[PDB]
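S.K.: The following block contains the structure, expressed as structure tokens.
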There are 2 protein chains.
Amino acid sequence: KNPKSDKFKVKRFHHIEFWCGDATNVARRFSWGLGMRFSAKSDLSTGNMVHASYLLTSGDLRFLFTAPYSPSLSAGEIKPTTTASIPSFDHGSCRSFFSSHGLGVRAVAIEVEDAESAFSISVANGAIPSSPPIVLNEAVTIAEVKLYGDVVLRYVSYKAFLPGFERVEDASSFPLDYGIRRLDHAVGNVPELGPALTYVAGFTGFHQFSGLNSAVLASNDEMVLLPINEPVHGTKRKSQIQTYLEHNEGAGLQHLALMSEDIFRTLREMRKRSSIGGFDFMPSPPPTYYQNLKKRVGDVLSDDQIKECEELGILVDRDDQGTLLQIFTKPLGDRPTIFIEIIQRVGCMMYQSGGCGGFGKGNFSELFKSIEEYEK
Amino acid sequence: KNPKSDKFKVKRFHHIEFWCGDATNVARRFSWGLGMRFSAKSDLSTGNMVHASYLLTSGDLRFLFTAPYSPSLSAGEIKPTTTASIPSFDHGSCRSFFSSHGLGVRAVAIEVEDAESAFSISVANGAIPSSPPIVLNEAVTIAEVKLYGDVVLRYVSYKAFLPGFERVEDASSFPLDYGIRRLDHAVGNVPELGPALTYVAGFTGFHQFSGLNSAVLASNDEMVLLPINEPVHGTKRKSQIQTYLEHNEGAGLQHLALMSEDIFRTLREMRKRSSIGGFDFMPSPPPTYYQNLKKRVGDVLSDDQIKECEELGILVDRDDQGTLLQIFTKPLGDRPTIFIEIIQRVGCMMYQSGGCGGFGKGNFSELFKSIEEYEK
Ligand SMILES: CCCOc1nc2c(C)c(C(=O)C3=C(O)CCCC3=O)ccc2n(C)c1=O
Ligand SMILES: CCCOc1nc2c(C)c(C(=O)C3=C(O)CCCC3=O)ccc2n(C)c1=O
Ligand SMILES: [Co+2]
Ligand SMILES: [Co+2]
């Protein structure tokens, strides 16, 4: 059931912003590893004396990488006179975030009908304010509230990327594309699920859609999906959620799930590049798992299509309404914290409805069971 | 003339260590951009709870990328019980370096006959101690003295990479190679050249080999070359050296010159990758400059060879004894601070003697003059 209880009008995921120590090297790594094009910049060359911000795009997916310059470059500035293109940016908050957590997501940004009203309604409904609504060039409004840990939910609304950003010139934007098209969901880890759910669901009106307890929060059309995990203690293998919290110094964003229009092509392109600057993938399931695939999704995937999943290490799950293919990268940076999921959903055609096929929770049982059989 | 006045026995450049915020993303970018293989690691997987260090190699060139983990992971440790593989590492110094300067070189490491004696003699001769000699696994000795700004000169000596580092497994080490073979020289920028020269020459015994004043310090066989620049003020175009100091928050390493066994192949491979994760190059000189090449180095480079320089944007200079080909990357990171030079030297065969052909100071005049002609 879906009560459609959003307290303000939400459209779609807009962008994800990483807070980095050096935005250049992270953006170039990600661009090559994921096949995203350099689309926009705000930095010294565009008159920004405060922060370096570089935007990568693939389809509707927008990754923003931001790092601070020396505060000395903007010491004369005040907020009314700032050359920063993102008014919420603060040297101290950025350095403190990155020092405490390492490389990771600062902002999950959603496009809303009216960022000012979204901020007002959120805070009136218990959201902790982070950056008040600011109108950029009489064209765009941006506001931020706290989401979990040091991650903010960022609202952007447009009258008609951001003012102050420049479109990068052609020689600098090579048209990489491995098939990734949009952000499917963004998942946080917290020490206690209950209070985090009540806080976020409380100010948004989003409704509810081993080693972990989890629940998914969703907007009215369920195209904005924000799962949250908590650890399950006392268990045999130490909870991966608890390991995240220890190495991240507390709550934060665990994984971004990126939808591909062709997960076979995406994974072929990404795996070709894993050892030459790209991203590594988690270990593949045993051949047991892909033998059992015929019995699970035989009417969905060809024998050749299922063999392709096994070559690429793709996981497949299925619920009442649809089928999802999925795979997970190793952590994106030094710490075992944030990672990426590549996903493609089959079914639920009306457009495809958000969340079609679930989030892969059935693959816990299939993996354990397939692992048991391989040992034989 | 060469007085051969080294106060201790120096062999060769050993490695360059970058202090990063995230060593993973910088190392992967550099590996792809420069064609260096992943050779060794010290991190959580090898029992290092303190820092992540990843070593890239190309020929004899060794690039080390290091970042701190959360101090919380090693809070119980003391220096006698540390799991760090580099005993000079300190969470606070690393965070402070990176926060103040951004991505850059912390250590220029040279291999010496006896790091303990090198440290003792250096400090006895005015060097500012940074990390005392420490013997690793009864096999390697490491010590550090201050060089300029927050950059240290690191001494390593071997009895027979470092203890505590693991050789990376084969699936993780793709054998990239674009022809780079060793570090030719490493250059610092300081506000005042005189006192920096007197300090470094004072404790090493190294001898002396627009917009800047510069001088090169050299070991006995002149295979360790450490130039130092200072700005020239009052001039028309603002000094690039002064711009470095402003954006770097003071003195530090300006550029690493990497010798290639085939600069044509290196530059073809690097330029192919500039816009897909690699490094960008400075703007090429006008076709004027390459027309004048025939009159300058005609007896050295074929017409086809000189046309190849023009396709790749290679600079060529020549002194009494040899010829050098050279080109400069744009800055390696967000700030206009550190960059890389690719170099190949022709001549001075006895082996090739260090510094053959100079450092390209003649190309200032040729560029200005060639620029004047292009405007015509
Ligand atoms: C071992 C089972 C399959 O392998 C894995 N699957 C994972 C999945 C399926 C997710 C995930 O995407 C997800 C949930 O699990 C529910 C909340 C919404 C959501 O996005 C996250 C991490 C996973 N890890 C680490 C695995 O090792
Ligand atoms: C404009 C003239 C050629 O273009 C350039 N040449 C450069 C050279 C030749 C060097 C350099 O390598 C060097 C010296 O100049 C003397 C001290 C030892 C040394 O290593 C450094 C920077 C340069 N930049 C920025 C240029 O734009
Ligand atoms: Co997921
Ligand atoms: Co040079």
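S.K.: Quantify how strongly other chains surround peptide B:290-299 by giving the mean number of their Cβ atoms within 10 Å of each of its Cβ atoms.
M.R.: That average works out to 0.
S.K.: Find every distance from the label point of A:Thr198 to the corresponding label point in the other copies (7 Å from Cα along Cα→Cβ) and write them in nm, one decimal, shortest first.
M.R.: Ordered by distance, the counterparts are at 7.0 nm.
S.K.: Please give every one of the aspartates and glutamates within straight-line cross-link reach of B:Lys1, meaning a C-alpha to C-alpha distance under 17 Å, and leave out same-chain neighbours fewer than 8 residues apart.
M.R.: In chain and number order, the partners are B:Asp221, B:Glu222, B:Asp319, B:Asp320.
S.K.: Spelling out what I want: for every residue of region B:129-145, take phi, set θ = phi - 60°, compute 6.51 cos²θ - 1.76 cosθ + 1.60 (Karplus), and round to whole Hz; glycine and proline get x.
M.R.: x, 10, 9, x, x, 10, 8, 9, 6, 6, 10, 9, 10, 10, 8, 9, 10
S.K.: Describe numerically, in nm with one decimal, the distance between label points set 7 Å from Cα along Cα→Cβ at A:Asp221 and at A:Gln240.
M.R.: 3.1 nm
S.K.: If you bin the C-alpha pair distances of the protein assembly as shown every 10 Å from 0, what whole percents do you get?
M.R.: 3, 13, 22, 24, 18, 11, 6, 1, 0
S.K.: Counting other Cβ atoms within 10 Å, keep those with at most 14, restrict to DSSP loop, and tell me which GluC sites (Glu not before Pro) in region B:72-113 are left.
M.R.: Sparse-neighbourhood loop GluC sites (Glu not before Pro): B:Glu77, B:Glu113.
S.K.: Take peptide A:65-73, look around each residue's Cβ out to 10 angstrom, count Cβ atoms belonging to other protein chains, and average those counts.
M.R.: That average works out to 4.
S.K.: When the scattering of region B:244-376 is computed by the Debye formula from its Cα atoms alone, each counted once and equally, what is log10 I(q)/I(0) at q = 0.22 Å⁻¹?
M.R.: Relative scattering, expressed as log10 I(q)/I(0), comes to -1.41.
S.K.: Follow-up. Hey, what do the phi angles of region A:90-97 turn into as Karplus ³J(HN,Hα) couplings, whole Hz, using 6.51/-1.76/1.60 and θ = phi - 60°, x for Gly and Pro?
M.R.: Values, residue by residue: 9, 3, x, 4, 5, 4, 5, 3 Hz.
S.K.: Which chain A residue sits with its beta carbon nearest the axis carrying A onto B, and how many Å away is it, rounded to a whole number?
M.R.: Result for the A and B rotation: A:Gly21, 1.
S.K.: List every residue whose amide H lies under 5 Å from the amide H of A:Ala107, counting only residues 5 or more places away in sequence or on a different chain, with H placed 1.01 Å from N in the peptide plane.
M.R.: Those lying under 5 Å, H to H, from A:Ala107 are A:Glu17, A:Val152.
S.K.: Across region B:189-198, in residue order, what do the Karplus-derived ³J(HN,Hα) couplings come to in whole Hz, using 6.51 cos²θ - 1.76 cosθ + 1.60 with θ = phi - 60° and x for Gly and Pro?
M.R.: Along region B:189-198, the couplings run 10, 9, x, 10, 5, x, x, 5, 4, 5 Hz.
S.K.: Using +1 at the Cβ of each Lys and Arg and -1 at the Cβ of each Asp and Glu in region A:188-303, identify which of A:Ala215, A:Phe281, A:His247 lies farthest towards the dipole's positive end.
M.R.: Farthest along the dipole direction, towards plus: A:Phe281.
S.K.: Taking every residue in B:26-36, how many Cβ atoms of other protein chains lie within 10 Å of its Cβ, on average?
M.R.: 6
S.K.: Then there's this: For region B:11-54 and region A:128-179, what is the separation of their Cα centres, given in Å?
M.R.: 32 Å
S.K.: Positive end of the charge dipole of region A:84-163 (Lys, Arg +1 and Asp, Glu -1 on Cβ, about the Cα centre): tell me which of A:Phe89, A:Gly149, A:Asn137 has its Cα farthest that way.
M.R.: My answer, from the dipole projection, is A:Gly149.
S.K.: Using only helices, what value at 222 nm comes out for chain B when you add -39,500 (n - 2.57) per DSSP H run of length 4 or more and divide by the total residues, to the nearest 500 deg cm²/dmol?
M.R.: Using -39500 (n - 2.57) per qualifying helix, the result is -8000 deg cm²/dmol.
S.K.: Compute all pairwise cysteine Cβ distances in chain A, then list the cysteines with no distance under 4.7 Å to another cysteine.
M.R.: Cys with no partner Cβ under 4.7 Å: A:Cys20, A:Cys94, A:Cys309.
S.K.: Name the residue from A:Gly202, A:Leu312, A:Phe359 whose Cα lies farthest towards the positive end of the charge dipole of region A:178-376, charges +1 on Cβ of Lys and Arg and -1 on Cβ of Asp and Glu.
M.R.: Looking along the dipole axis, the top candidate is A:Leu312.
S.K.: Tell me the net charge near A:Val190. Cut-off is 15 Å between Cβ atoms, A:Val190 excluded, with +1 for each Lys or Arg and -1 for each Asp or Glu.
M.R.: -4
S.K.: In which sequence would A:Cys20, A:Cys309 go, from the one with the fewest C-beta neighbours within 10 Å to the one with the most?
M.R.: Ranked by crowding around the Cβ, least crowded first: A:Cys309, A:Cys20.
S.K.: Which order do the peptides B:177-186, A:1-10, A:317-326 take when ranked by the mean count of other beta-carbon atoms within 10 Å per residue, highest first?
M.R.: B:177-186, A:317-326, A:1-10
S.K.: Debye calculation, C-alpha points only, no solvent: report log10 I(q)/I(0) for region B:1-135 at q = 0.12, 0.17, 0.18 Å⁻¹, in the same order as the q values.
M.R.: Debye curve over Cα of region B:1-135, log10 I(q)/I(0) at q = 0.12, 0.17, 0.18 Å⁻¹: -0.55, -1.03, -1.13.
S.K.: By the gyration tensor of its Cα atoms, with a ≥ b ≥ c the square roots of the eigenvalues, what is the shape of region B:158-295: rounded for a/c under 1.5, prolate for a/b over b/c, or oblate?
M.R.: oblate
S.K.: Using only the alpha-carbon atoms of chain A as identical scatterers, what base-10 log of I(q)/I(0) does the Debye formula give at q = 0.08 Å⁻¹?
M.R.: Here the Debye-derived log intensity ratios amount to -0.41.
S.K.: Continuing with the same structure: Taking neighbour Cβ counts within 10 Å as the exposure measure, how do A:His91, B:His247 sort from fewest upward?
M.R.: A:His91, B:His247
S.K.: Find every distance from the label point of B:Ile371 to the corresponding label point in the other copies (7 Å from Cα along Cα→Cβ) and write them in nm, one decimal, shortest first.
M.R.: Here the equivalent label points are 6.3 nm apart from this one.
S.K.: While we're on this one: What residues have an amide H closer than 5 Å to that of B:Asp184, excluding those fewer than 5 places away on the same chain, when H is modeled at 1.01 Å from N in the peptide plane?
M.R.: Result for B:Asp184 returns B:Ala257, B:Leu258, B:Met259.
S.K.: Given label points at 7 Å from Cα along Cα→Cβ, what nm distances, shortest first, separate A:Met349 from the same residue in every other copy?
M.R.: Once sorted, the set of distances for A:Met349 reads 7.0 nm.
Every read-out reported here was derived from the displayed coordinates using simple, explicitly stated rules and does not represent laboratory data. Because the Cβ atoms are built from the backbone with ideal geometry, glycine has one as well, and the counts that use them run over all protein chains shown.
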